[PDB]
Amino acid sequence: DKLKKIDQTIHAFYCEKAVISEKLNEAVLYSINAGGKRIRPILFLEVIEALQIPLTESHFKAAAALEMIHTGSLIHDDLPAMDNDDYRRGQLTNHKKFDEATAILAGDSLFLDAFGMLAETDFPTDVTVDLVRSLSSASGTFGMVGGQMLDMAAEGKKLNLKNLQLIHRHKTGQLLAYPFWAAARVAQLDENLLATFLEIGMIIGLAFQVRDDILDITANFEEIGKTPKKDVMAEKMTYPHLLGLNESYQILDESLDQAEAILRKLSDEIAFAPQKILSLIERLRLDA
Amino acid sequence: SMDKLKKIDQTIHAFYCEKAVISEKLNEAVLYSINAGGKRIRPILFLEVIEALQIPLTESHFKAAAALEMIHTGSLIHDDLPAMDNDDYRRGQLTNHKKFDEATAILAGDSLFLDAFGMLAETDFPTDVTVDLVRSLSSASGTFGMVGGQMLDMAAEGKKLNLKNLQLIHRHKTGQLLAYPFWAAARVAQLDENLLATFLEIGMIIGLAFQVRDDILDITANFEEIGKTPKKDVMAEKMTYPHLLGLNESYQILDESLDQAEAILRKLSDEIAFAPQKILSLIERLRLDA
Ligand SMILES: C=C(C)CCOP(=O)(O)OP(=O)(O)O
Ligand SMILES: C=C(C)CCOP(=O)(O)OP(=O)(O)O
Ligand SMILES: C=C(C)CCOP(=O)(O)OP(=O)(O)O
Ligand SMILES: C=C(C)CCOP(=O)(O)OP(=O)(O)O
Ligand SMILES: [Mg+2]
Ligand SMILES: [Mg+2]
Ligand SMILES: [Mg+2]
Ligand SMILES: [Mg+2]
Ligand SMILES: [Mg+2]
Ligand SMILES: [Mg+2]
């Protein structure tokens, strides 16, 4: 239902204006339709719902904007000059399906279009401006793209945990923290609560990358939908490479536990029903 | 008042230096392309329209101008890439990917796109104004604007198409981000719908004209003049104005387009509190002779 509606919202954005380049629209939609867990938009919508706010088309637009930036980031991450994968979401990567130019531009479209999507909501305009500012912050030079540069620069280097945390909190952490913070902001919560939601999001965001690192070296192709073990060949700074699998599994499980405990704590202090968020977090757990 | 070019660049610099650095290499790559050069026509036109409308310039106007220049800059970085136009030179210097590497250039362009909206949301404009500016800048830049035009441009390589299809490419890849500063300044000025449409119209005329001009320069001017490799359009079999219509008719179209834009601007000056002399002088600097 949420899943279906998120994809409807994205399809609507691309199919309700007069088309300029049919090939561009097709390339953008290819990557969207290839698959994806939709964790980021789902979390935004679940927090709104948990905070007792009926979901509207505007919430789905805000959620879609977040997913659009996430999708653009994947398309560029996969490119030959970056991680160079032939597969994403169980299908050919955008650049192998089409060509590199098309993939570069499809990613660019998603980044630029995302802010138009976000600006189409019926939220109060002060809310919208804050969401735009924060989404830029999470995504750009001081967020995801900054993290991506650090990830590429760390290849083959012996970095420490602080530096590994810096990569992971930025390349992945920021865009998983944003949906928690953004939902709280739309709910117009006070500063203390906005900080607690950002904290939960930052814990989930770092844990998600620890999880992604573990899966890179433990899972098969069918399970992850991308070529396994690229992190090893590329000499990426990762949790397993720095700390080992045993510690990485412990950190993932502890982090997920902590996020859940903070969520349950909130429900003692405000009108907040986190059961769906808790269910989603449970589905992220791994077994060695 | 202040030199606009220097203030625009200082505004962009401050955006990158006012927050704790995450990747120094990224900041360096972004600023390299900004600092390489550029006429800054897009942000200058926005600022000139604000001033022509008798509005004193503020930090916020420079931020909005800077955001536009950031998107424009990101578009050049990606346009130069090996998978796209494959130029080794831009703004008289090595292109971003030849100075650094392909990955760096991809990410530098991505940064500029994503950062631009953060820049725009830093203004002190009324929030309803900012939301409209964000929506419109996305429209001008994305799948229905610049990027859409970029895809059409690559798809038309080696293809014979008509004027209609050539205009579709040009209006979207270049027209929209030259139309935006006119529309956006009128929007910040809070002009009525009719005036917003008139300013957009002026900008679309100037925007289409600027690409005709660019097409003409790519085949008539040398490397020293344009700061990029001449004649790339020819070798890659791009659809251009001189190819579709000949050089003579292309010069004629440029001149008459710039005439048309100037006429609308003069008419507005006879109707509202608007003083476009500096805009008109900028437009005159865009003229070419055979
Ligand atoms: C680890 C990161 C940040 C990239 C993959 O994210 P996901 O694992 O959420 O990818 P999809 O489900 O969207 O394919
Ligand atoms: C912005 C991104 C893609 C962060 C996750 O990095 P990875 O390169 O490990 O993600 P996957 O390709 O493994 O999904
Ligand atoms: C839209 C086009 C023709 C790309 C180059 O734009 P400019 O000719 O304005 O480039 P800079 O001055 O910014 O270098
Ligand atoms: C979005 C852009 C960059 C439009 C100009 O494309 P061109 O490829 O014609 O411009 P130059 O490289 O000649 O500046
Ligand atoms: Mg990567
Ligand atoms: Mg990757
Ligand atoms: Mg990975
Ligand atoms: Mg080009
Ligand atoms: Mg080019
Ligand atoms: Mg050109």
# chains A, B, ... in the order shown; residues from 1 in each chain; ligands from 1
>>> interface_residues(of="chain B", to="chain A", cutoff="7 Å", atoms="only C-alpha atoms", output="PyMOL selection string")
chain B and resi 21-23+26+83-84+102-103+107+110-111+113-115+117-118+121+127-128+131+134-135+138-139+141-144+147-148+151-152
>>> residues_near_ligand(ligand="ligand 6", cutoff="12 Å", atoms="only C-alpha atoms and all ligand atoms", output="PDB file with N, CA and C atoms, in the first residue's frame")
ATOM      1  N   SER A  73      21.758   8.566  -6.318  1.00  0.00           N
ATOM      2  CA  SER A  73      23.045   8.206  -5.679  1.00  0.00           C
ATOM      3  C   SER A  73      23.507   6.802  -6.078  1.00  0.00           C
ATOM      4  N   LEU A  74      22.569   5.862  -6.208  1.00  0.00           N
ATOM      5  CA  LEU A  74      22.886   4.494  -6.622  1.00  0.00           C
ATOM      6  C   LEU A  74      23.388   4.439  -8.046  1.00  0.00           C
ATOM      7  N   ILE A  75      22.694   5.136  -8.923  1.00  0.00           N
ATOM      8  CA  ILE A  75      23.067   5.160 -10.330  1.00  0.00           C
ATOM      9  C   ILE A  75      24.500   5.638 -10.525  1.00  0.00           C
ATOM     10  N   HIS A  76      24.877   6.719  -9.840  1.00  0.00           N
ATOM     11  CA  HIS A  76      26.228   7.242  -9.950  1.00  0.00           C
ATOM     12  C   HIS A  76      27.249   6.340  -9.224  1.00  0.00           C
ATOM     13  N   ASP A  77      26.875   5.789  -8.078  1.00  0.00           N
ATOM     14  CA  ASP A  77      27.756   4.886  -7.329  1.00  0.00           C
ATOM     15  C   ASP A  77      28.205   3.663  -8.141  1.00  0.00           C
ATOM     16  N   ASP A  78      27.305   3.168  -8.986  1.00  0.00           N
ATOM     17  CA  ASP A  78      27.546   2.008  -9.821  1.00  0.00           C
ATOM     18  C   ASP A  78      28.449   2.236 -11.030  1.00  0.00           C
ATOM     19  N   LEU A  79      28.690   3.495 -11.390  1.00  0.00           N
ATOM     20  CA  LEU A  79      29.378   3.816 -12.636  1.00  0.00           C
ATOM     21  C   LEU A  79      30.779   3.241 -12.635  1.00  0.00           C
ATOM     22  N   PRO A  80      31.325   3.007 -13.832  1.00  0.00           N
ATOM     23  CA  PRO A  80      32.691   2.484 -13.968  1.00  0.00           C
ATOM     24  C   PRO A  80      33.755   3.272 -13.217  1.00  0.00           C
ATOM     25  N   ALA A  81      33.663   4.607 -13.192  1.00  0.00           N
ATOM     26  CA  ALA A  81      34.630   5.410 -12.413  1.00  0.00           C
ATOM     27  C   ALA A  81      34.434   5.366 -10.896  1.00  0.00           C
ATOM     28  N   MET A  82      33.307   4.823 -10.446  1.00  0.00           N
ATOM     29  CA  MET A  82      33.007   4.703  -9.036  1.00  0.00           C
ATOM     30  C   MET A  82      33.153   3.231  -8.639  1.00  0.00           C
ATOM     31  N   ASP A  83      32.056   2.539  -8.337  1.00  0.00           N
ATOM     32  CA  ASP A  83      32.160   1.151  -7.877  1.00  0.00           C
ATOM     33  C   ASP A  83      32.115   0.130  -9.022  1.00  0.00           C
ATOM     34  N   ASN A  84      31.720   0.561 -10.221  1.00  0.00           N
ATOM     35  CA  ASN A  84      31.795  -0.283 -11.418  1.00  0.00           C
ATOM     36  C   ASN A  84      31.080  -1.643 -11.298  1.00  0.00           C
ATOM     37  N   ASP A  85      29.769  -1.630 -11.040  1.00  0.00           N
ATOM     38  CA  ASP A  85      28.985  -2.851 -11.008  1.00  0.00           C
ATOM     39  C   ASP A  85      28.160  -2.933 -12.272  1.00  0.00           C
ATOM     40  N   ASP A  86      28.030  -4.156 -12.791  1.00  0.00           N
ATOM     41  CA  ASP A  86      27.121  -4.445 -13.880  1.00  0.00           C
ATOM     42  C   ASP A  86      25.683  -4.686 -13.389  1.00  0.00           C
ATOM     43  N   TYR A  87      25.498  -4.948 -12.086  1.00  0.00           N
ATOM     44  CA  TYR A  87      24.178  -5.258 -11.513  1.00  0.00           C
ATOM     45  C   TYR A  87      23.788  -4.399 -10.309  1.00  0.00           C
ATOM     46  N   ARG A  88      22.513  -4.027 -10.285  1.00  0.00           N
ATOM     47  CA  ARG A  88      21.895  -3.285  -9.194  1.00  0.00           C
ATOM     48  C   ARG A  88      20.431  -3.725  -9.144  1.00  0.00           C
ATOM     49  N   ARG A  89      19.961  -4.086  -7.954  1.00  0.00           N
ATOM     50  CA  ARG A  89      18.561  -4.499  -7.772  1.00  0.00           C
ATOM     51  C   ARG A  89      18.190  -5.707  -8.624  1.00  0.00           C
ATOM     52  N   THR A  93      22.753  -2.625 -14.282  1.00  0.00           N
ATOM     53  CA  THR A  93      22.864  -1.233 -13.898  1.00  0.00           C
ATOM     54  C   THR A  93      22.470  -0.310 -15.055  1.00  0.00           C
ATOM     55  N   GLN A 148      30.711  10.060  -0.310  1.00  0.00           N
ATOM     56  CA  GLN A 148      31.143   9.333  -1.491  1.00  0.00           C
ATOM     57  C   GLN A 148      32.571   9.641  -1.885  1.00  0.00           C
ATOM     58  N   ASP A 151      34.832   7.888   0.593  1.00  0.00           N
ATOM     59  CA  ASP A 151      34.800   6.438   0.320  1.00  0.00           C
ATOM     60  C   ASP A 151      35.766   6.091  -0.816  1.00  0.00           C
ATOM     61  N   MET A 152      35.720   6.874  -1.884  1.00  0.00           N
ATOM     62  CA  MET A 152      36.625   6.665  -3.003  1.00  0.00           C
ATOM     63  C   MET A 152      38.074   6.943  -2.596  1.00  0.00           C
ATOM     64  N   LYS A 171      28.053   9.170   3.838  1.00  0.00           N
ATOM     65  CA  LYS A 171      27.601   8.574   2.585  1.00  0.00           C
ATOM     66  C   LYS A 171      26.246   7.863   2.732  1.00  0.00           C
ATOM     67  N   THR A 172      25.939   7.380   3.935  1.00  0.00           N
ATOM     68  CA  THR A 172      24.716   6.616   4.190  1.00  0.00           C
ATOM     69  C   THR A 172      23.884   7.137   5.342  1.00  0.00           C
ATOM     70  N   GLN A 209      24.757   0.946   7.177  1.00  0.00           N
ATOM     71  CA  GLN A 209      25.984   0.763   6.377  1.00  0.00           C
ATOM     72  C   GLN A 209      26.850  -0.375   6.921  1.00  0.00           C
ATOM     73  N   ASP A 212      25.203  -3.225   5.359  1.00  0.00           N
ATOM     74  CA  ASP A 212      25.548  -3.292   3.928  1.00  0.00           C
ATOM     75  C   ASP A 212      26.971  -3.858   3.738  1.00  0.00           C
ATOM     76  N   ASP A 213      27.908  -3.448   4.595  1.00  0.00           N
ATOM     77  CA  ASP A 213      29.297  -3.969   4.560  1.00  0.00           C
ATOM     78  C   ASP A 213      29.352  -5.477   4.836  1.00  0.00           C
ATOM     79  N   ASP A 216      28.009  -7.396   1.918  1.00  0.00           N
ATOM     80  CA  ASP A 216      28.907  -7.407   0.760  1.00  0.00           C
ATOM     81  C   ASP A 216      29.774  -8.679   0.739  1.00  0.00           C
ATOM     82  N   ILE A 224      21.556 -10.087  -2.555  1.00  0.00           N
ATOM     83  CA  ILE A 224      21.822  -8.642  -2.536  1.00  0.00           C
ATOM     84  C   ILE A 224      21.547  -7.913  -3.857  1.00  0.00           C
ATOM     85  N   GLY A 225      21.383  -8.647  -4.959  1.00  0.00           N
ATOM     86  CA  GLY A 225      21.038  -8.033  -6.249  1.00  0.00           C
ATOM     87  C   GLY A 225      22.122  -7.210  -6.915  1.00  0.00           C
ATOM     88  N   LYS A 226      23.342  -7.352  -6.413  1.00  0.00           N
ATOM     89  CA  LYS A 226      24.522  -6.676  -6.929  1.00  0.00           C
ATOM     90  C   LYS A 226      25.679  -7.667  -6.804  1.00  0.00           C
ATOM     91  N   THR A 227      26.761  -7.413  -7.521  1.00  0.00           N
ATOM     92  CA  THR A 227      27.890  -8.336  -7.533  1.00  0.00           C
ATOM     93  C   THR A 227      28.536  -8.421  -6.134  1.00  0.00           C
ATOM     94  N   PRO A 228      28.672  -9.637  -5.595  1.00  0.00           N
ATOM     95  CA  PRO A 228      29.248  -9.712  -4.248  1.00  0.00           C
ATOM     96  C   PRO A 228      30.735  -9.371  -4.174  1.00  0.00           C
ATOM     97  N   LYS A 229      31.137  -8.945  -2.987  1.00  0.00           N
ATOM     98  CA  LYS A 229      32.550  -8.762  -2.621  1.00  0.00           C
ATOM     99  C   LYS A 229      33.367  -7.695  -3.355  1.00  0.00           C
ATOM    100  N   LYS A 230      32.715  -6.721  -3.987  1.00  0.00           N
ATOM    101  CA  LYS A 230      33.440  -5.640  -4.637  1.00  0.00           C
ATOM    102  C   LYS A 230      34.262  -4.844  -3.646  1.00  0.00           C
ATOM    103  N   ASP A 231      33.787  -4.767  -2.407  1.00  0.00           N
ATOM    104  CA  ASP A 231      34.503  -4.041  -1.372  1.00  0.00           C
ATOM    105  C   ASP A 231      35.890  -4.635  -1.141  1.00  0.00           C
ATOM    106  N   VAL A 232      36.005  -5.951  -1.280  1.00  0.00           N
ATOM    107  CA  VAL A 232      37.286  -6.633  -1.039  1.00  0.00           C
ATOM    108  C   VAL A 232      38.280  -6.288  -2.149  1.00  0.00           C
ATOM    109  N   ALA A 234      38.213  -3.862  -4.270  1.00  0.00           N
ATOM    110  CA  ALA A 234      38.482  -2.423  -4.317  1.00  0.00           C
ATOM    111  C   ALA A 234      39.236  -1.902  -3.086  1.00  0.00           C
ATOM    112  N   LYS A 236      38.053  -1.235  -0.087  1.00  0.00           N
ATOM    113  CA  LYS A 236      37.239  -0.223   0.594  1.00  0.00           C
ATOM    114  C   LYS A 236      37.481  -0.286   2.097  1.00  0.00           C
TER     115      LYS A 236
END
>>> closest_atom_pairs(of="chain B", to="ligand 10", cutoff="7 Å", atoms="only C-alpha atoms and all ligand atoms", output="CSV")
residue,atom,partner,partner_atom_place_in_ligand_line,distance
B:214,CA,ligand 10,1 (Mg),5.1
B:215,CA,ligand 10,1 (Mg),5.4
B:218,CA,ligand 10,1 (Mg),5.6
B:233,CA,ligand 10,1 (Mg),7.0
>>> write_last_selection(atoms="N, CA and C atoms", output="JSON list (two decimals), in the first residue's frame")
[["chain", "number", "residue", "atom", "x", "y", "z"],
["B", 214, "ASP", "N", 26.13, 30.66, -29.28],
["B", 214, "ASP", "CA", 27.13, 29.64, -28.89],
["B", 214, "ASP", "C", 27.46, 28.72, -30.07],
["B", 215, "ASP", "N", 26.43, 28.31, -30.80],
["B", 215, "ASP", "CA", 26.58, 27.50, -32.01],
["B", 215, "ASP", "C", 27.48, 28.20, -33.04],
["B", 218, "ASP", "N", 31.15, 28.32, -31.79],
["B", 218, "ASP", "CA", 31.84, 27.04, -31.82],
["B", 218, "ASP", "C", 32.51, 26.72, -33.17],
["B", 233, "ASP", "N", 31.01, 20.35, -32.04],
["B", 233, "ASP", "CA", 29.66, 20.16, -32.61],
["B", 233, "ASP", "C", 29.67, 19.48, -33.97]]
>>> atom_distance(atom1="atom 1 (Mg, counted along the ligand's line) of ligand 8", atom2="CA of residue 198 in chain B")
28.6 Å
>>> residues_around(residues="residue 46 in chain A", least_positions_apart="4", cutoff="7 Å", atoms="only C-alpha atoms", output="list in words")
residues 42, 50, 276 and 277 of chain A
>>> residues_around(residues="range 267-282 of chain B", least_positions_apart="6", cutoff="8 Å", atoms="only C-alpha atoms", output="list in words")
residues 45, 48, 49, 52, 53 and 54 of chain B
